[PDB]
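Examining the three-dimensional arrangement
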Amino acid sequence: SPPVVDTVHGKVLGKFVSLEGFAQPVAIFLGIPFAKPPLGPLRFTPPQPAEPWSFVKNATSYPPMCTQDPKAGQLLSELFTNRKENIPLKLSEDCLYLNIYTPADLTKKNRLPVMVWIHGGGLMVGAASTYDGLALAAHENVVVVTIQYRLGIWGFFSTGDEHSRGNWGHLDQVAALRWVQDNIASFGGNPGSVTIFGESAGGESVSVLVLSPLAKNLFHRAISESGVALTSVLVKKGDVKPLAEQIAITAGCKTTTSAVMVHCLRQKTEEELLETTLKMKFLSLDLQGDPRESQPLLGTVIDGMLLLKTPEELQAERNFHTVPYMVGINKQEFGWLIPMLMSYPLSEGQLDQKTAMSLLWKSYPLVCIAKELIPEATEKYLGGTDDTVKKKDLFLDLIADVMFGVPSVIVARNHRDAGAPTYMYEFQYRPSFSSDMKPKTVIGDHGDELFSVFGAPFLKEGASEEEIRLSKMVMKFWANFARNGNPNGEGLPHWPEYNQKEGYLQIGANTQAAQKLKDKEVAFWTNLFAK
Amino acid sequence: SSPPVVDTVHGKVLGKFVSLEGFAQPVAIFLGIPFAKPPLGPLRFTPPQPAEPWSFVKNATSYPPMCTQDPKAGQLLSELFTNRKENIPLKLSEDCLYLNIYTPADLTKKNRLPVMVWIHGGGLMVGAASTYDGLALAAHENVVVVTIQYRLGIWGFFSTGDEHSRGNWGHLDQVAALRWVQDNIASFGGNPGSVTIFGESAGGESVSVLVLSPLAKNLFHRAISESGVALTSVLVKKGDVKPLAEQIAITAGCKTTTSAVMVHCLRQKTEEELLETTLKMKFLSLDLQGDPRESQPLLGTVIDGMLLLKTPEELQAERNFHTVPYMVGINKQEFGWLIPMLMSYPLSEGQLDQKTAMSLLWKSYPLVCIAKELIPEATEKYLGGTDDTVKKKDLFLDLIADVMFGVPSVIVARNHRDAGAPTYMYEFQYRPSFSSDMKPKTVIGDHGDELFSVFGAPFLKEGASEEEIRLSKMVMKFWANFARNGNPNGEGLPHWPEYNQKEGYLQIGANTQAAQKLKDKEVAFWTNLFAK
Amino acid sequence: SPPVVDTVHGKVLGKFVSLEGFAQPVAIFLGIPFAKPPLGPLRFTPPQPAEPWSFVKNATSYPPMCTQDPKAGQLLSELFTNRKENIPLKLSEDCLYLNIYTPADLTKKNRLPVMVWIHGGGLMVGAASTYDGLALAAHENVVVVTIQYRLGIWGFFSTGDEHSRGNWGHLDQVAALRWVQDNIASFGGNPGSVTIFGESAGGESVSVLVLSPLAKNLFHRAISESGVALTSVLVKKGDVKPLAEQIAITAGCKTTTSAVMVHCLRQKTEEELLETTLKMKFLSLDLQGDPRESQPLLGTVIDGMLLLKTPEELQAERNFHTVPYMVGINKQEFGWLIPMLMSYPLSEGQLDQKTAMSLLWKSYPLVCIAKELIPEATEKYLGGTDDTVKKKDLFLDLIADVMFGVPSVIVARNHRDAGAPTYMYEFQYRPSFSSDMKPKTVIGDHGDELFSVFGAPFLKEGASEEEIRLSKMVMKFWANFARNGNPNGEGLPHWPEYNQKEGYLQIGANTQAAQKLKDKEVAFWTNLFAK
Ligand SMILES: *[C@@H]1O[C@H](CO)[C@@H](O[C@H]2O[C@H](CO)[C@@H](O)[C@H](O)[C@H]2NC(C)=O)[C@H](O)[C@H]1NC(C)=O
Ligand SMILES: CC(=O)N[C@H]1[C@H]([C@H](O)[C@H](O)CO)O[C@@](O)(C(=O)O)C[C@@H]1O
Ligand SMILES: Nc1c2c(nc3ccccc13)CCCC2
Ligand SMILES: Nc1c2c(nc3ccccc13)CCCC2
Ligand SMILES: Nc1c2c(nc3ccccc13)CCCC2
Ligand SMILES: *[C@@H]1O[C@H](CO)[C@@H](O)[C@H](O)[C@H]1NC(C)=O
Ligand SMILES: *[C@@H]1O[C@H](CO)[C@@H](O)[C@H](O)[C@H]1NC(C)=O
């Protein structure tokens, strides 16, 4: 009969789902509320605990995804899902739910490691239901939890002061982790061993939680995939008041004071805030006016609750409570996916430096390179050869290194020097699940590792023995890390720890260890930004 | 100093004098003259009506607003296509049926200069007349330049397929502006007996549409279509238009019970709600999700029974159209950069394998209409010649350009010629210094590049080489000679052969010379392919 | 291939439908517009000519029915339709359409008689699509046309002055008759021979058209089935201003002036006017307050365009169209359907005079019998027996006679005395198509003749031979009347003309002639109301 688990707030009914090659059916619970719906006065406020229910709550239907651009959200889900057919999702402000995939025999007593997944999507789009934890759970014997949190205006609107601090979405992630602590034992998970992992904005969220005192003791291991707190495009520094006013004005609100803007925005309907979102044209590279004034995403701010100061300052603090941390990147972070989703103005296979400099300046919101420095940056990367074809490839490497490569290594180095176990990787592989619109030459594009991590080869059809093995290896590395804070194990290539030798693992068709990931790039960019 | 005051049928207008270096007679410029009644309220989705007469003098010296459209796309396109020094920021408004006049004539005396009426492009969804400054062309060639505006998007082309909302309101506005020219241009030193209509892209398709429409009879005497004709499928809705109409009404929160209900409901919506609906439909952007055959890139021309009695193809099969001198042209790389960029094509890698190419070509259905079964043959034909992946990408862009512009342009020219009318063709291949900085140096003759020569950008903007200056002078000469005689030829200019059975055409660029049989093989390949 | 006809405003495409045993198929055209949609500023104004269309208009789907109580309209359509299955109809203010059923060979030239049907429904509900003309058209070789007209508030709102005269629905009826004159020949119809017929409110409409100068030359024969201009409830006499104001107030409008009330009601959405309609509780007997103040329906008024004076004044003046006129009633007009639809308070097979008197006073809006006269009226109908079962039956008769019986005979008499051919009938048969909720004892209830007139026995599945025989005879009489202004013909029982002998036909399983229909009832009520 259907699995029924008892949680703090009430009973929940899930369903059993078997996976070829496993005798123990996985118990799946969809749409479990971990907080009170952020509706009405609750919009733009920290999450409150869910209210208890009387009988058995049916947890067998996908929850709606947080309000976001429905077309961009659906496209993204289609490109990222590990399941056979993408699941159409409904939109709603009532989205603070989480899905659980437990391989534990609930009739007995278990304490399996827990892996909490934080999806990406620039903090503007995305959903938990996009990711099916069936394969990872069944193959690695771990409890997989996929959570949701407020996005866009709903999750990050900030006036820069106490009337709307911001980071609601991040507070939601924290609320989910607190929920896991109080309830995961009932699903056969060990609250004493929770690993948080995510990619892109999800990786940046994990990185933020790692530096936050609010998340202390809510997790014991962390994994950031293609995204950290130093990925400047997701973190807003300085005064955020101007942005708040641009949003309120576009929404048809007065900007008399912070309290007035917030109060007015709380009165707007979901559709009105969604229409405001579309007018702001987020997720897109603005090619008009001054690049310095364009804000393609609404993200993390230094609110004073979640983050006491900038991530750059919080890293140097060699004494906070640490946890094993794995930080990785993909070979071509800006190879296709991101540029495509941002309508990046690149269509020619040949790029000249004059144009490169123009594009880089227009890319200010993503790279933050002062106009006076564009020449140096461009010359450093493109002055290499006289092949304009190779020049555009190097240009894509430049964006990638600034957005993910250098930030990741800098975070890893600081985590290491803080005395905590650190691991790094570089993923280079072109999955068969890639979009038909993605050139075959792109290898290790943003998000390419997700298919291996969530066992797509075991849910989706068609996959070479090589792709299947790669997924088994990756899931093993990730689950081993979940269990012991060390990815190593028998039958797996050796993954050196990221110490002073800066060893890291190159993951792909052929997997081996290497040293000094992005060494020269970090040196160059650190000196450039120093100016 | 003393501003020029002209007497129009509806009242007096006051303009301003502007001097262009190299000419004694200052050009009299009149901005924002209304040629129709503001299409507000119950007038939305109906034919344009005559402007109301006014007393005293109407000050015509401020740019009029551009018709309601995506403000970000509208403004960006304006910056990319303007020929003046600084782009003029424009206001949005449903009250947009205005035109600007640039007359080089001496209004104190009598003048009958040839008149050139410009119709801007922008997929019938965006654009403005003010983007194009007629000062240079007017002074340099002694012609009266008129830039007109017309309703765009929902306001200009919403159609229910029946009598409740036939559609083509934007084209009816173009007709009304031409009618205003006939009745008023003489007062500005123009000759209503010699009116030339020219436009680029959607503007070119409009010109082509006017050539095939009974409503435009005796309104123009010469025509020029630049990069766009009535056979550019994407702009001409063929088949049942009801589905698109219902989808627009639904998005606007309207019931679809009957056509009259849809129309009545949309008429009650505010300008902002319709603009929000427009932004939600996400027009002029490649939809990468779902079935490509359901994507609706834009709202456009329909066979309404008033403007167009039947499809363009049928109208030309039978020589049923205005046999005025016609110049049809294209640029070397129509889909080179500007359009793929504005439509958000996924070409960040700049390279492309055949499998990826067939995938995008299929997603490009709304633009090219190539059945999935035919994609392999179409792709093999263009990319199979080389193994280089970057080159393949270049050939892929040529393939899309040939289908949207190249082939349609030649087919139209041939039908116009075979109808015994004077026909001319050209292929523009040059990269202006006024190109966007984000546009690589390898893109030459991209969509819109010829506009800078036609409107004398080298004489209004700065940094033009002597070669570019010489090109613009030659092009304006050709265009104005054509406007004057229906033949572009003149002393001092390369010989431009007429597009007859020999199919001669002019290659315009750094090197300007006559050639023959433009896109001959391509027309043959595609005419056969589309026949299954 | 499909039938394509050329009409003044353009081409229309219909469809061929064959009837078992008929060689030539019937051409059917559904939803042809005969006027411009009465939307926006056209609400509460006379109908305007329809705009022409350019190609071929597809007229093969049923048009919507004019806005009205959706629950009530659907129920009524289901009870009256002659089709095998009732068609669900959509609501819309855009409802000025008509359906055509022509048995003619369109490839030739035909001049078949035309019968224009005006549906009933108290001028508050109803639809043309409820009535299928296939059978009547094929069996009698006549062109059948079913029309629609504005209903309720949209069709009859009147301020009592020039700012909103009222009777928009009747003007819509005139517009359709005008369209028939200009276009019917194209459908094989003869504009020189048009017969208008309807039942209930449609019967009253036909009666009003006979008295209106606006309809001269639009028809040549008329048939009123259970309803005439003397059926008081459908005709507003006196000052209509108070009702106008009550509707305005219910809709949230000010009543400062007529123009202000009209202008305000024009800005209301269809839904708002429908909600106002529901709050008014039309088509329902009000059991609260003074019976004299309740208005169960919005109807005809003496506007000065359609009607220049009350029917009574126009009859005395002998000022009207002297076309052949057939006027009939059913045995039990208030037998079940109407009392049921009005939520009439009667659930006992027995009724005492005291209760009867209270009910009759409550029925004021339907009968207009002053309270001081209630005793005499009641004593005259019930006082003859002690059987309280027979008393309630007699109570229903009294309502029926006052609403239909007497008014019909008086109208027949005035028409006869005006020198025009007149015929009367009394229908007494219980169709097998009656509702399952209608007691078997009710015979000749309101609307029962409709199934015979429209040939339900030929469209519905398996009707008894007796019922089939009755319908063939009725359609025969109706069609002979249509072509000759005299129903008589070969093989049909003799139907005497309604002259000084006052002969009329008793239609039923046994059809025979009789004399002096409701003669004593008319004498009684005429004397009573004269007080
Ligand atoms: C005319 O309209 C009808 C109804 O819209 C079309 O009929 C087809 O679709 C209807 C259901 O959506 C059905 O009622 C019809 O039975 C169905 N069959 C056909 C094709 O007749 C019809 O195609 C239209 N014809 C024209 C000339 O457009
Ligand atoms: C919306 C509108 O009508 N603006 C018009 C303005 C106003 O008339 C003036 O600013 C006076 O208010 O001036 C013009 O006519 C003009 O000078 O050419 C252009 C423009 O169309
Ligand atoms: N996944 C995305 C990320 C970023 N931008 C994006 C923009 C559009 C769609 C997806 C995105 C910025 C860096 C973090 C990841
Ligand atoms: N997106 C388009 C633009 C232009 N023409 C177009 C023609 C067809 C389809 C899309 C188009 C002209 C310049 C502005 C952009
Ligand atoms: N009140 C009346 C109702 C109906 N018809 C009527 C016909 C005439 C006069 C009053 C009527 C049909 C059913 C609903 C009520
Ligand atoms: C739970 O809901 C699902 C549909 O989402 C349904 O299949 C199932 O019957 C429900 N369980 C119970 C017992 O309500
Ligand atoms: C005409 O309009 C211009 C622009 O606003 C203004 O500067 C000028 O004073 C006006 N002249 C007249 C005639 O009012």
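Residues numbered from 1 in each chain as written, not as in the entry; some residues may be left out. Chains lettered and ligands numbered in written order. Part of a larger assembly, values for the part shown. Heavy atoms only, no water.

What the deposited record gives as its method is X-ray crystallography, and the resolution it gives is 2.40 Å.

Going by what the PDB entry lists, chain A is known as liver Carboxylesterase I and is assigned to Homo sapiens. The record lists the entry's title as "Crystal Structure of Human Liver Carboxylesterase in complex with tacrine". Among the UniProt annotations of chain A, the heading Subunit holds the following wording: "Homotrimer and homohexamer. Binds to beta-glucuronidase." As stated in UniProt under Sequence similarities, the record for chain A gives "Belongs to the type-B carboxylesterase/lipase family." (UniProt positions renumbered as here; feature names shortened; annotations may be inferred.)

The name given to chain B in the PDB entry is liver Carboxylesterase I, with Homo sapiens as the source organism. You can read under Subunit in the UniProt record for chain B the words "Homotrimer and homohexamer. Binds to beta-glucuronidase." Its UniProt record, at the heading Sequence similarities, says of chain B: "Belongs to the type-B carboxylesterase/lipase family."

Each helix and strand counted, chain B has 17 helices and 18 strands in total. Computed over the C-alpha atoms, the radius of gyration of chain B is 22 Å, within 12% of the 24 Å expected from 2.2 N^0.38 for a compact globule of 532 residues. Relative to its full complement of 532 residues, chain B shows a buried share of 65%. Residue pairs at least 24 apart in sequence account for 75% of intrachain contacts in chain B once pairs closer than 6 positions are excluded. Looking at chain B as shown, the accessible area adds up to about 18,800 Å², and 50% of this sits on carbon and sulfur atoms. Across chain B, the centroid of the 51 positively charged side chains sits 3 Å from that of the 57 negatively charged ones. (Helix = DSSP H or I, 4+ residues; strand = E, 2+ residues; numbered from the N terminus. Rg over C-alpha atoms; globule rule 2.2 N^0.38 Å. Buried < 20%, exposed > 50% of the residue type's maximum accessible area, 1.4 Å probe, protein only. Contact = heavy atoms within 4.5 Å. Areas by Shrake-Rupley, 256 points an atom, 1.4 Å probe, with all protein chains shown as cover. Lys, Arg positive; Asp, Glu negative; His and termini not counted. Charge placed at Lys NZ, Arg CZ, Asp CG, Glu CD.)

Each helix and strand in chain A was counted, giving 17 helices and 18 strands. Computed over C-alpha atoms, the radius of gyration of chain A comes to 22 Å, within 12% of the 24 Å expected from 2.2 N^0.38 for 531 residues, which places it in the range of a compact globule. Taking the principal axes of its C-alpha atoms as reference, chain A extends roughly 65 × 60 × 45 Å. Of all 531 residues assigned to chain A, the portion counted as buried reaches 62%.

Let's shift gears to the UniProt feature "disulfide bond" in chain B. Residues and elements named next belong to chain B. Of the UniProt disulfides, the one joining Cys-67 and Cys-96 is intact in these coordinates, the sulfur pair sitting 2.0 Å apart. Remark: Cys-96 occurs in the loop between β7 (92-93) and β8 (98-103) and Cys-67 occurs in strand β6 (residues 66-67); sequence separation between them is 29 residues. Taken as a pair, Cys-67 and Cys-96 share a single burial class, namely buried. With its sulfur atoms 2.0 Å apart, the UniProt disulfide linking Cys-254 and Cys-265 appears as an intact bond in this structure. Residue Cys-254 is found in the loop between α6 (242-251) and α7 (259-268), and its partner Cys-265 is found in helix α7; the two are separated by 11 residues along the sequence. (Disulfide = S-S within 2.5 Å.)

Bringing the arrangement of the chains into the picture now. Contacts are most numerous between chains A and B, taken over all 2 pairs of chains that touch. Spatially, chain A and chain C are disjoint, and the shortest separation between their C-alpha atoms is 22 Å.

For the rest of this paragraph, the subject is the state of the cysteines. If you walk through the whole model with that rule in mind, you get 6 disulfides over all chains. The disulfide partner of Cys-67 of chain B is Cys-96 of chain B, and the gap between their sulfur atoms is 2.0 Å. In this structure the cystine formed by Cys-67 of chain B and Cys-96 of chain B twists about its S-S bond by roughly 90°; its chirality is therefore right-handed. Between the sulfur atoms of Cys-66 of chain C and its disulfide partner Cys-95 of chain C the distance amounts to 2.0 Å. The chirality of the disulfide connecting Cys-66 of chain C with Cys-95 of chain C is right-handed, given an S-S dihedral of about 95°. Of the two residues, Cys-66 of chain C sits in strand β6 (residues 65-66) while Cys-95 of chain C sits in the loop between β7 (91-92) and β8 (97-102), which places them 29 residues apart along the sequence. Residue class for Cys-95 of chain C comes out buried when judged on its relative accessible area of 1%. Here the disulfide map of chain A reads 1-2, 3-4, the bonded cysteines being numbered as they appear in the sequence. When the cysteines of chain B that form disulfides are numbered from the N-terminus onward, they connect as 1-2, 3-4.

All names here are of chain A. Taken together, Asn-58, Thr-60 and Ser-61 make up all the residues around ligand 6. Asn-58 places a polar side-chain atom, nitrogen or oxygen, 2.4 Å from an oxygen atom of ligand 6. Separating an oxygen atom of ligand 6 from a side-chain N or O atom of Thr-60 is a distance of 3.3 Å. (Near = heavy atom within 4 Å. Polar contact = N/O pair within 3.5 Å; in protein donor to acceptor, adjacent residues only side chain to side chain.)

Before going further, it helps to examine the site of ligand 5. Residue and element names in this part refer to chain C. Residues in close proximity to ligand 5 include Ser-200, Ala-201, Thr-231, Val-233, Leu-234, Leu-297, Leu-341, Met-403, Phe-404 and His-446, which together make up its full environment. Between ligand 5 and the protein, one listed contact pairs a nitrogen atom with a side-chain N or O atom of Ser-200 at 3.0 Å. Coverage of ligand 5 by the protein chains reaches 97% of its 360 Å² of free accessible surface. Using a 2 Å cut-off from the grid points, one finds that ligand 5 occupies the largest cavity. (1 Å grid on protein atoms, 1.4 Å probe; cavity = no way out; pocket = protein on both sides within 12 Å on 5 of 7 lines; lining within 4 Å. Sits in = over half its atoms within 2 Å of the grid points.)

Our next topic: the UniProt feature "active site" in chain A. Residues and elements named next belong to chain A. Here the UniProt-annotated "active site" positions come out as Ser-200, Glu-333 and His-446. For this annotated set, covering 247 residues, all C-alpha atoms fall within 9.9 Å of each other, a compact arrangement in space. Relative to the elements of secondary structure, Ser-200 occurs in the loop between β11 (189-199) and α5 (201-211). Aside from chain neighbours lying at most four places away, what touches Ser-200 is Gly-120, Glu-225, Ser-226, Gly-227, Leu-234 and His-446. For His-446, the position within the fold is in the loop between β16 (422-428) and α15 (450-453). According to the relative accessible area criterion, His-446 is buried, its value standing at 5%. When near neighbours in sequence (up to four residues on either side) are disregarded, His-446 contacts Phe-80, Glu-199, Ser-200, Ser-226, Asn-330, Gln-332, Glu-333, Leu-337, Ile-338 and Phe-404. In this structure the side chain of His-446 is engaged in a polar contact, spanning 2.4 Å, whose partner is the side chain of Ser-200.

Residues and elements named next belong to chain A. The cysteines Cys-66 and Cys-95 carry a UniProt disulfide annotation, and their SG atoms are 2.0 Å apart, under the 2.5 Å mark, so the bond is there. Judged by the under 2.5 Å criterion, the sulfur atoms of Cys-253 and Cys-264, which UniProt pairs in a disulfide, are close enough at 2.0 Å to be bonded in these coordinates. Placement of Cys-253 in the loop between α6 (241-250) and α7 (258-267) and of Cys-264 in helix α7 is noted, with a sequence separation of 11 residues between them.

Residue and element names in this part refer to chain B. Per the UniProt record, "active site" is annotated on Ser-201, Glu-334 and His-447. Here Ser-201 lies in the loop between β11 (190-200) and α5 (202-211). Setting aside chain neighbours within four positions, we find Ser-201 in contact with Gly-121, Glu-226, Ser-227, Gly-228 and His-447. The residue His-447 is located in the loop between β16 (423-429) and α15 (451-454) in this model. Excluding anything up to four places from it in sequence, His-447 contacts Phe-81, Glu-200, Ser-201, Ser-227, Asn-331, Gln-333, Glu-334, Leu-338, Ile-339 and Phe-405. Within the structure, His-447 has its side chain in polar contact with the side chain of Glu-200 (distance 3.1 Å).

This paragraph deals with the packing of helix α14 (residues 388-417) of chain A against helix α17 (residues 519-530) of chain A. Residue and element names in this part refer to chain A. Between α14 and α17, whose axes approach to 9 Å, the crossing angle comes to 100°. Put simply, α14 runs roughly perpendicular to α17. Residues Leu-398, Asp-401, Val-402, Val-406, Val-409, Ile-410 and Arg-413 of α14 lie in contact with α17, whose contacting residues are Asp-519, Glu-521, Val-522, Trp-525, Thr-526 and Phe-529. A breakdown of the residues in the contact of α14 with α17 according to their chemical character gives 8 nonpolar, 1 polar and 4 charged. (Axes fitted to C-alpha atoms, helices over the stretch in contact; angles between N-to-C directions. Parallel < 35°, antiparallel > 145°, perpendicular 65-115°, else oblique. Nonpolar A, V, L, I, M, F, W, Y, C, P; charged D, E, K, R; others polar.)

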